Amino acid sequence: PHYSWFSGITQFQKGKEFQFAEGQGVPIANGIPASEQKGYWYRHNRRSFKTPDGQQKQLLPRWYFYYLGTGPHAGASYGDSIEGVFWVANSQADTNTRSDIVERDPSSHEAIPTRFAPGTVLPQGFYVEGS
């Protein structure tokens, strides 16, 4: 239902907290200025796969990025406390105002690989889908 502009981040190690240092964590993309680098990572939790027989196979969480004012919690203000939401912003962004970046329309744009500014420390126990 909610299309992220970017590939997800999958947890592969239990017990590691999803987080970035303040100022870090917004995917970088051509065409998007630093002033629009504000948003949240949203946890797709309780994930499962139904095997051909009937093992309900549990999967670990995957997190997706949404620009501020878009996505599942498009109505939340930056910093609002919600389980499964982690807020991130570049220092040049005004987190008091919604993103000017429109929600992805899958019929017109595909998501792009998640990349970060060089020097961004990723949370341990997580890997970025699509490299």
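For every residue, the number given is its place in the sequence shown, counted from 1.
Exercise. So which stretch wins on mean C-alpha B-factor, 39-47 or 77-85?
Worked result: Taking the mean B-factor of the alpha carbons in each, 39-47 is higher.
Exercise. Quick one: higher average CA temperature factor, 54-62 or 30-38?
Worked result: The stretch with the larger average C-alpha B-factor is 54-62.
Exercise. For the listed residues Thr10, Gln13, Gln19, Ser107, which one has the largest C-alpha B-factor as given in the deposited model?
Worked result: Of the options given, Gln13 has the highest CA B-factor in the PDB entry.
Problem set entry | Entry-reported Cα temperature factor of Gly119, expressed as the chain third it lands in | Middle third - that is where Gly119 ends up once the chain's C-alpha B-factors are sorted.
Problem set entry | Third of the chain's Cα B-factor distribution that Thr95 belongs to, per the entry | It falls in the bottom third of the chain.
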